[PDB]
Each structure stands twice: as structure tokens, then as C-alpha cells.
>>> print(open('model_38.txt').read())   # compact mmCIF, C-alpha atoms
# COMPACT_ATOMS: atom_id res chain seq x y z
CA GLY M 2 30.07 1.73 5.84
CA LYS M 3 26.54 1.02 4.62
CA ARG M 4 26.06 -1.93 2.27
CA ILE M 5 23.94 -1.78 -0.90
CA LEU M 6 22.82 -4.68 -3.09
CA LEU M 7 22.21 -3.41 -6.65
CA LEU M 8 20.44 -5.18 -9.54
CA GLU M 9 19.90 -2.89 -12.55
CA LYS M 10 18.99 -4.35 -15.96
CA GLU M 11 20.56 -1.50 -18.01
CA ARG M 12 24.25 -2.37 -17.93
CA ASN M 13 25.69 1.12 -18.38
CA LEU M 14 23.34 2.50 -15.72
CA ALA M 15 24.25 -0.33 -13.35
CA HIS M 16 27.94 0.47 -13.76
CA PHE M 17 27.32 4.21 -13.32
CA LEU M 18 25.24 3.72 -10.17
CA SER M 19 27.77 1.32 -8.67
CA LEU M 20 30.63 3.78 -9.16
CA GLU M 21 28.73 6.84 -8.03
CA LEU M 22 27.35 5.19 -4.89
CA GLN M 23 30.85 4.01 -3.96
CA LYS M 24 31.95 7.67 -4.13
CA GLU M 25 29.62 8.17 -1.14
CA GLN M 26 31.66 5.49 0.68
CA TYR M 27 28.94 2.86 0.40
CA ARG M 28 29.91 -0.74 -0.29
CA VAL M 29 28.01 -1.83 -3.40
CA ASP M 30 27.51 -5.43 -4.50
CA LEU M 31 26.32 -5.51 -8.11
CA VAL M 32 24.39 -8.64 -9.12
CA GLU M 33 22.72 -9.54 -12.42
CA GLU M 34 20.11 -12.16 -11.47
CA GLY M 35 17.33 -12.20 -8.92
CA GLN M 36 18.18 -15.69 -7.72
CA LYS M 37 21.75 -14.62 -6.93
CA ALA M 38 20.51 -11.40 -5.31
CA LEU M 39 18.21 -13.41 -3.05
CA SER M 40 20.96 -15.83 -1.98
CA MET M 41 23.18 -12.84 -1.10
CA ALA M 42 20.45 -10.97 0.79
CA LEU M 43 19.68 -14.14 2.75
CA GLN M 44 23.29 -14.43 3.95
CA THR M 45 24.16 -10.72 4.35
CA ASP M 46 22.27 -7.88 6.02
CA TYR M 47 22.12 -5.16 3.37
CA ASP M 48 21.15 -1.65 4.40
CA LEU M 49 19.49 -1.10 1.03
CA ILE M 50 18.50 -3.38 -1.85
CA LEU M 51 18.00 -1.41 -5.09
CA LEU M 52 16.06 -3.25 -7.83
CA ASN M 53 13.86 -2.82 -10.88
CA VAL M 54 10.18 -3.94 -10.86
CA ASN M 55 11.17 -7.09 -12.82
CA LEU M 56 14.51 -8.71 -11.97
CA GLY M 57 14.53 -10.83 -15.12
CA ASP M 58 14.22 -14.24 -13.53
CA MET M 59 11.47 -13.15 -11.08
CA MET M 60 9.50 -10.07 -10.10
CA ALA M 61 10.78 -7.84 -7.30
CA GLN M 62 7.53 -8.63 -5.43
CA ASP M 63 8.44 -12.33 -5.49
CA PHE M 64 11.99 -11.61 -4.34
CA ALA M 65 10.64 -9.49 -1.47
CA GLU M 66 8.17 -12.15 -0.32
CA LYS M 67 10.85 -14.84 -0.26
CA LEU M 68 13.29 -12.61 1.62
CA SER M 69 10.55 -11.58 4.08
CA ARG M 70 10.18 -15.14 5.40
CA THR M 71 13.36 -14.61 7.43
CA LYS M 72 14.00 -10.83 7.08
CA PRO M 73 10.58 -9.16 6.99
CA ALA M 74 11.80 -5.60 7.60
CA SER M 75 14.22 -5.66 4.64
CA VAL M 76 14.82 -2.26 3.04
CA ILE M 77 14.07 -2.41 -0.71
CA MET M 78 13.93 0.54 -3.10
CA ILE M 79 12.65 0.29 -6.69
CA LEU M 80 14.15 2.25 -9.59
CA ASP M 81 12.25 2.00 -12.87
CA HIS M 82 10.52 3.73 -15.73
CA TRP M 83 7.28 5.49 -14.84
CA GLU M 84 5.12 3.08 -16.86
CA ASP M 85 6.68 -0.03 -15.27
CA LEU M 86 6.31 1.29 -11.72
CA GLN M 87 2.74 2.50 -12.22
CA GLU M 88 1.67 -0.88 -13.65
CA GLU M 89 2.72 -2.43 -10.28
CA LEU M 90 2.19 0.57 -8.01
CA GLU M 91 0.06 -0.97 -5.25
CA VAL M 92 2.27 -4.06 -5.12
CA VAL M 93 5.45 -1.96 -4.99
CA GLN M 94 4.13 0.32 -2.25
CA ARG M 95 3.38 -2.81 -0.19
CA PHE M 96 6.95 -4.21 -0.27
CA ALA M 97 9.32 -1.29 -1.08
CA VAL M 98 10.39 1.47 1.29
CA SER M 99 10.49 3.93 -1.63
CA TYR M 100 10.54 4.14 -5.42
CA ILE M 101 12.29 6.44 -7.88
CA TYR M 102 11.71 7.05 -11.58
CA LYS M 103 14.08 6.65 -14.47
CA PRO M 104 15.73 8.60 -15.92
CA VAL M 105 17.45 9.01 -12.58
CA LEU M 106 19.43 12.07 -11.50
CA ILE M 107 22.33 10.81 -9.40
CA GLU M 108 22.24 13.72 -6.93
CA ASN M 109 18.58 12.96 -6.24
CA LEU M 110 19.19 9.24 -5.72
CA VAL M 111 22.08 9.99 -3.33
CA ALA M 112 19.95 12.45 -1.32
CA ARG M 113 17.03 10.04 -1.03
CA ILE M 114 19.22 7.10 0.03
CA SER M 115 20.85 9.22 2.73
CA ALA M 116 17.46 10.20 4.14
CA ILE M 117 16.19 6.61 4.17
CA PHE M 118 19.27 5.44 6.03
CA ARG M 119 18.99 8.20 8.62
CA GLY M 120 15.29 7.57 9.17
CA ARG M 121 15.93 3.87 9.84
CA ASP M 122 18.91 4.54 12.12
CA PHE M 123 17.00 6.97 14.33
CA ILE M 124 14.25 4.40 14.85
CA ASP M 125 16.92 1.74 15.38
CA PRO M 134 7.06 -1.17 24.31
CA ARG M 135 7.24 -4.89 23.63
CA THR M 136 3.60 -6.04 23.81
CA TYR M 137 0.14 -4.85 22.83
CA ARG M 138 -2.99 -7.02 23.04
CA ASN M 139 -1.86 -10.29 21.40
CA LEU M 140 1.23 -8.77 19.74
CA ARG M 141 4.84 -9.24 20.80
CA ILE M 142 7.56 -7.05 19.24
CA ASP M 143 11.23 -8.05 19.01
CA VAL M 144 12.83 -4.65 18.62
CA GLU M 145 16.35 -6.03 18.13
CA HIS M 146 15.33 -8.10 15.10
CA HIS M 147 12.46 -5.88 13.83
CA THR M 148 9.96 -8.73 14.03
CA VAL M 149 6.36 -8.94 15.24
CA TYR M 150 4.37 -11.96 16.41
CA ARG M 151 0.57 -12.04 16.90
CA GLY M 152 0.50 -15.14 19.07
CA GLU M 153 2.72 -18.00 17.82
CA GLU M 154 2.62 -16.59 14.25
CA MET M 155 5.09 -14.14 12.82
CA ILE M 156 3.43 -11.14 11.18
CA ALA M 157 5.63 -10.08 8.25
CA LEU M 158 5.53 -6.31 8.65
CA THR M 159 7.58 -4.43 6.09
CA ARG M 160 10.10 -1.82 7.23
CA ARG M 161 7.60 1.02 6.75
CA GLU M 162 4.83 -0.91 8.51
CA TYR M 163 7.12 -1.81 11.39
CA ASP M 164 8.24 1.81 11.77
CA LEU M 165 4.62 2.98 11.71
CA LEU M 166 3.57 0.44 14.35
CA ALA M 167 6.54 1.33 16.55
CA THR M 168 5.67 5.04 16.32
CA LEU M 169 2.03 4.43 17.24
CA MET M 170 2.88 2.08 20.09
CA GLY M 171 5.58 4.40 21.45
CA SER M 172 3.18 7.32 21.91
CA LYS M 173 0.58 7.53 24.66
CA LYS M 174 -1.10 10.39 22.77
CA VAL M 175 -2.99 10.32 19.49
CA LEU M 176 -0.70 11.30 16.63
CA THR M 177 -1.60 13.46 13.66
CA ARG M 178 -0.88 12.39 10.12
CA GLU M 179 1.78 15.11 10.00
CA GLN M 180 3.51 13.69 13.11
CA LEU M 181 3.38 10.17 11.68
CA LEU M 182 4.82 11.44 8.39
CA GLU M 183 7.68 13.19 10.23
CA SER M 184 8.50 10.06 12.29
CA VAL M 185 8.15 7.29 9.67
CA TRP M 186 9.42 9.33 6.68
CA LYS M 187 11.95 11.31 8.71
CA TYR M 188 14.52 13.26 6.70
CA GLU M 189 12.63 12.82 3.43
CA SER M 190 11.17 16.34 3.62
CA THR M 192 4.87 16.85 2.73
CA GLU M 193 1.89 14.79 1.55
CA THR M 194 0.20 12.97 4.41
CA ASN M 195 -1.97 10.83 2.15
CA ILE M 196 0.86 8.29 2.29
CA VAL M 197 0.20 7.87 6.02
CA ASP M 198 -3.40 6.75 5.29
CA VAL M 199 -2.06 4.21 2.75
CA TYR M 200 0.35 2.60 5.22
CA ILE M 201 -2.27 2.60 8.01
CA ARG M 202 -4.42 0.56 5.61
CA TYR M 203 -1.56 -1.84 4.92
CA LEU M 204 -0.73 -2.15 8.62
CA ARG M 205 -4.33 -2.91 9.58
CA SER M 206 -4.40 -5.55 6.84
CA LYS M 207 -1.43 -7.30 8.47
CA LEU M 208 -2.50 -7.05 12.13
CA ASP M 209 -6.27 -7.16 12.25
CA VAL M 210 -8.46 -10.22 12.93
CA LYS M 211 -11.93 -10.38 11.40
CA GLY M 212 -14.49 -9.98 14.17
CA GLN M 213 -12.08 -8.21 16.54
CA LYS M 214 -11.64 -4.48 16.89
CA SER M 215 -8.87 -3.21 14.65
CA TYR M 216 -5.47 -2.66 16.25
CA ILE M 217 -5.60 0.96 14.97
CA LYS M 218 -8.31 3.55 15.74
CA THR M 219 -9.02 6.56 13.53
CA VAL M 220 -9.57 9.42 16.00
CA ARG M 221 -12.08 11.96 14.74
CA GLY M 222 -10.54 15.31 13.95
CA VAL M 223 -7.08 14.25 15.15
CA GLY M 224 -5.25 11.27 13.70
CA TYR M 225 -4.52 7.67 14.64
CA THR M 226 -3.69 5.69 17.78
CA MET M 227 -3.52 2.07 18.91
CA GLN M 228 -6.88 0.51 19.81
CA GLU M 229 -7.65 -2.00 22.55
CA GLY M 230 -9.76 -5.12 21.98
>>> encode(input="model_38.txt", output="C-alpha cells")
Amino acid sequence: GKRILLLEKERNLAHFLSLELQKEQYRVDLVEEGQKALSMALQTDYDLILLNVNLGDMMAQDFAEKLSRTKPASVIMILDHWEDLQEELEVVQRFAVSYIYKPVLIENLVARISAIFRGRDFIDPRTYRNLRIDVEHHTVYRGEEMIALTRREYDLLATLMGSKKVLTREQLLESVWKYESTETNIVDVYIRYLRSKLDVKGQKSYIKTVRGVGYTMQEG
């Protein structure tokens, strides 16, 4: 059912991951170059794109930016060595739904992919202040400009906007990282990223930190 685009620079690992993911009944398209991966992701809606930090002909960050122009909520996961991921950690957190270290254990990869899919599917209010949300296409517009929220950022905004009450970090973790089974610090990171996308200098932020409680949407 679900469709995976896979670009892995280690050939034997690429072949192993392709075969093992197909045993889970995923359709897997293996590609060797970033330019080809981008052309395919532009024409097909993949449920997961699994890449290294560097695709060879371009960085994953560059791939993700180019894809985001038309598919901003694309679901990208990064598999790489610890050193390579940590060298690009802030960048990766800002475009990738998740990351996983080499050497990979296949049972762990399979479990994490399943959780990511189920957290998106469960998720899958149309205005707030100057924002308009297109829930069918997972797109957000602040005025006549598209705001290129990532999948995680979109899911976080939808959770905040869908709740009349203030939400704790633990509630936001359970909604936006559903099925992934504990550290709420990640919520604070993605709140920071989301504010960076939505907020206008000299306006009140779109997100209020509520003392002793959590986060909620904020009026102008």
C-alpha cells in the first residue's frame, strides 16, 4: 500500500532495505541520484522519502527545499552515521520528520516507519488571524503568501488550532508524535520552528507560552 522513495549511498544497505521494506508490503522505489529522486517526488506522492544527509549530487536540505515549493508537508526521514547527522542536526530537524542512526537495525526502522505512518493518517478550523489552512492539501497561507510548513510544523499547528484549551507539552507530544512512544523538549524545538514560519516582526506571535501550563494559539 504505502509508497517509499529510497536513496541510500551504501549499495548493499540500499538493496537490503529495499527488500526488507517490501516484506512489510510497502512499495519501494530505489533511486541513486538526488536529481532523479526529486523528479519522482514531484510527480508521485510518496508516503515516506528515506535519504542520507548528502544525496551525492545535492544535500538533503536542498532536495527538501525544492520539493517544498509544491509539496511543503512532504514526509522525509534521514538515515545516516551519527557524525554526519550531528554535523547537520539543526538543519535536519527543520526539514525531516525523523532521523535514525547507522548502523540501522531493521526491526527498529520498520517499527519507526509504522508509527510515523499511523501518526500522519490519524491527523489526516480553516482560519486564524491572517492564516488560511487547506486541510486537504496540507498547506497554509498567511495572506496571499504560502507558508511552507513542514509536516511536523503543520501537525503542530493543526493540534494547537483544533483545541480550545491550552495544551501541555505532553499532550502536544502525544498528538504530533503519536505512536512513537517521552521527551517533551522536542515540543519546544518545533514551537520555535513554527513561530519562525508564522510570526511577523512587530505583531504578537501566533503562539503564546502559557505560564505553568503549555502552549496555545495567540490573537493579534
>>> closest_residue(input="model_38.txt", among="M:113, M:160, M:103, M:4", to="residue 72 in chain M", atoms="all atoms listed in the file")
M:160
>>> closest_residue(input="model_38.txt", among="M:208, M:110, M:170, M:181", to="residue 21 in chain M", atoms="all atoms listed in the file")
M:110
>>> closest_residue(input="model_38.txt", among="M:173, M:3, M:119, M:16", to="residue 46 in chain M", atoms="only C-alpha atoms")
M:3
>>> residues_around(input="model_38.txt", residues="residue 93 in chain M", least_positions_apart="2", cutoff="12 Å", atoms="all atoms listed in the file", output="count of residues only")
31
>>> closest_residue(input="model_38.txt", among="M:7, M:43, M:51, M:109", to="residue 30 in chain M", atoms="all atoms listed in the file")
M:7
>>> atom_distance(input="model_38.txt", atom1="CA of residue 44 in chain M", atom2="CA of residue 71 in chain M")
10.5 Å
>>> closest_residue(input="model_38.txt", among="M:37, M:138, M:28, M:147", to="residue 69 in chain M", atoms="all atoms listed in the file")
M:147
>>> closest_residue(input="model_38.txt", among="M:5, M:207, M:226, M:194", to="residue 27 in chain M", atoms="only C-alpha atoms")
M:5
>>> residues_around(input="model_38.txt", residues="residue 144 in chain M", least_positions_apart="3", cutoff="12 Å", atoms="all atoms listed in the file", output="list in words")
residues 74, 124, 125, 134, 135, 136, 141, 147, 148, 149, 150, 163, 164, 166, 167 and 171 of chain M
>>> atom_distance(input="model_38.txt", atom1="CA of residue 209 in chain M", atom2="CA of residue 185 in chain M")
20.6 Å
>>> residues_around(input="model_38.txt", residues="residue 187 in chain M", least_positions_apart="4", cutoff="8 Å", atoms="all atoms listed in the file", output="PyMOL selection string")
chain M and resi 116-117+119-120+182-183
>>> residues_around(input="model_38.txt", residues="residue 178 in chain M", least_positions_apart="5", cutoff="10 Å", atoms="only C-alpha atoms", output="PyMOL selection string")
chain M and resi 183-184+193-198+223-225
>>> build_atoms(input="model_38.txt", residues="range 31-48 of chain M", atoms="N, CA, C and O atoms", output="PDB file, in the coordinates of the input")
ATOM      1  N   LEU M  31      27.091  -5.452  -6.888  1.00  0.00           N
ATOM      2  CA  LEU M  31      26.320  -5.510  -8.110  1.00  0.00           C
ATOM      3  C   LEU M  31      26.043  -6.972  -8.438  1.00  0.00           C
ATOM      4  O   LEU M  31      26.974  -7.792  -8.453  1.00  0.00           O
ATOM      5  N   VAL M  32      24.791  -7.287  -8.744  1.00  0.00           N
ATOM      6  CA  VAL M  32      24.390  -8.640  -9.120  1.00  0.00           C
ATOM      7  C   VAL M  32      23.503  -8.511 -10.355  1.00  0.00           C
ATOM      8  O   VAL M  32      22.872  -7.470 -10.576  1.00  0.00           O
ATOM      9  N   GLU M  33      23.447  -9.572 -11.162  1.00  0.00           N
ATOM     10  CA  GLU M  33      22.720  -9.540 -12.420  1.00  0.00           C
ATOM     11  C   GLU M  33      21.435 -10.357 -12.424  1.00  0.00           C
ATOM     12  O   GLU M  33      20.596 -10.149 -13.306  1.00  0.00           O
ATOM     13  N   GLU M  34      21.268 -11.283 -11.487  1.00  0.00           N
ATOM     14  CA  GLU M  34      20.110 -12.160 -11.470  1.00  0.00           C
ATOM     15  C   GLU M  34      19.427 -12.111 -10.116  1.00  0.00           C
ATOM     16  O   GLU M  34      20.081 -12.010  -9.073  1.00  0.00           O
ATOM     17  N   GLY M  35      18.096 -12.201 -10.147  1.00  0.00           N
ATOM     18  CA  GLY M  35      17.330 -12.200  -8.920  1.00  0.00           C
ATOM     19  C   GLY M  35      17.652 -13.363  -8.001  1.00  0.00           C
ATOM     20  O   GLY M  35      17.666 -13.214  -6.777  1.00  0.00           O
ATOM     21  N   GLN M  36      17.890 -14.548  -8.571  1.00  0.00           N
ATOM     22  CA  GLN M  36      18.180 -15.690  -7.720  1.00  0.00           C
ATOM     23  C   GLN M  36      19.480 -15.489  -6.946  1.00  0.00           C
ATOM     24  O   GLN M  36      19.576 -15.844  -5.760  1.00  0.00           O
ATOM     25  N   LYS M  37      20.494 -14.942  -7.606  1.00  0.00           N
ATOM     26  CA  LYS M  37      21.750 -14.620  -6.930  1.00  0.00           C
ATOM     27  C   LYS M  37      21.551 -13.505  -5.909  1.00  0.00           C
ATOM     28  O   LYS M  37      22.092 -13.568  -4.799  1.00  0.00           O
ATOM     29  N   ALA M  38      20.783 -12.471  -6.262  1.00  0.00           N
ATOM     30  CA  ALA M  38      20.510 -11.400  -5.310  1.00  0.00           C
ATOM     31  C   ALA M  38      19.852 -11.937  -4.046  1.00  0.00           C
ATOM     32  O   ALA M  38      20.199 -11.534  -2.928  1.00  0.00           O
ATOM     33  N   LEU M  39      18.909 -12.863  -4.201  1.00  0.00           N
ATOM     34  CA  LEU M  39      18.210 -13.410  -3.050  1.00  0.00           C
ATOM     35  C   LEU M  39      19.167 -14.219  -2.170  1.00  0.00           C
ATOM     36  O   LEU M  39      19.156 -14.074  -0.940  1.00  0.00           O
ATOM     37  N   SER M  40      20.016 -15.060  -2.777  1.00  0.00           N
ATOM     38  CA  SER M  40      20.960 -15.830  -1.980  1.00  0.00           C
ATOM     39  C   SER M  40      21.874 -14.900  -1.178  1.00  0.00           C
ATOM     40  O   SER M  40      22.160 -15.161  -0.004  1.00  0.00           O
ATOM     41  N   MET M  41      22.313 -13.795  -1.792  1.00  0.00           N
ATOM     42  CA  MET M  41      23.180 -12.840  -1.100  1.00  0.00           C
ATOM     43  C   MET M  41      22.443 -12.114   0.019  1.00  0.00           C
ATOM     44  O   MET M  41      22.992 -11.945   1.119  1.00  0.00           O
ATOM     45  N   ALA M  42      21.219 -11.652  -0.241  1.00  0.00           N
ATOM     46  CA  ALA M  42      20.450 -10.970   0.790  1.00  0.00           C
ATOM     47  C   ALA M  42      20.053 -11.898   1.931  1.00  0.00           C
ATOM     48  O   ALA M  42      19.814 -11.424   3.046  1.00  0.00           O
ATOM     49  N   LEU M  43      19.979 -13.206   1.680  1.00  0.00           N
ATOM     50  CA  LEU M  43      19.680 -14.140   2.750  1.00  0.00           C
ATOM     51  C   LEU M  43      20.854 -14.318   3.693  1.00  0.00           C
ATOM     52  O   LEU M  43      20.654 -14.569   4.888  1.00  0.00           O
ATOM     53  N   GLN M  44      22.080 -14.216   3.175  1.00  0.00           N
ATOM     54  CA  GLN M  44      23.290 -14.430   3.950  1.00  0.00           C
ATOM     55  C   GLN M  44      23.905 -13.148   4.499  1.00  0.00           C
ATOM     56  O   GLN M  44      24.697 -13.216   5.444  1.00  0.00           O
ATOM     57  N   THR M  45      23.585 -11.992   3.920  1.00  0.00           N
ATOM     58  CA  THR M  45      24.160 -10.720   4.350  1.00  0.00           C
ATOM     59  C   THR M  45      23.035  -9.745   4.648  1.00  0.00           C
ATOM     60  O   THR M  45      22.015  -9.722   3.952  1.00  0.00           O
ATOM     61  N   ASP M  46      23.246  -8.907   5.657  1.00  0.00           N
ATOM     62  CA  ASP M  46      22.270  -7.880   6.020  1.00  0.00           C
ATOM     63  C   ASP M  46      22.598  -6.593   5.265  1.00  0.00           C
ATOM     64  O   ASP M  46      23.439  -5.800   5.695  1.00  0.00           O
ATOM     65  N   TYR M  47      21.921  -6.376   4.142  1.00  0.00           N
ATOM     66  CA  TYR M  47      22.120  -5.160   3.370  1.00  0.00           C
ATOM     67  C   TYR M  47      21.297  -4.008   3.944  1.00  0.00           C
ATOM     68  O   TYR M  47      20.150  -4.178   4.391  1.00  0.00           O
ATOM     69  N   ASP M  48      21.884  -2.818   3.931  1.00  0.00           N
ATOM     70  CA  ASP M  48      21.150  -1.650   4.400  1.00  0.00           C
ATOM     71  C   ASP M  48      20.156  -1.153   3.366  1.00  0.00           C
ATOM     72  O   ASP M  48      19.155  -0.510   3.718  1.00  0.00           O
TER      73      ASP M  48
END
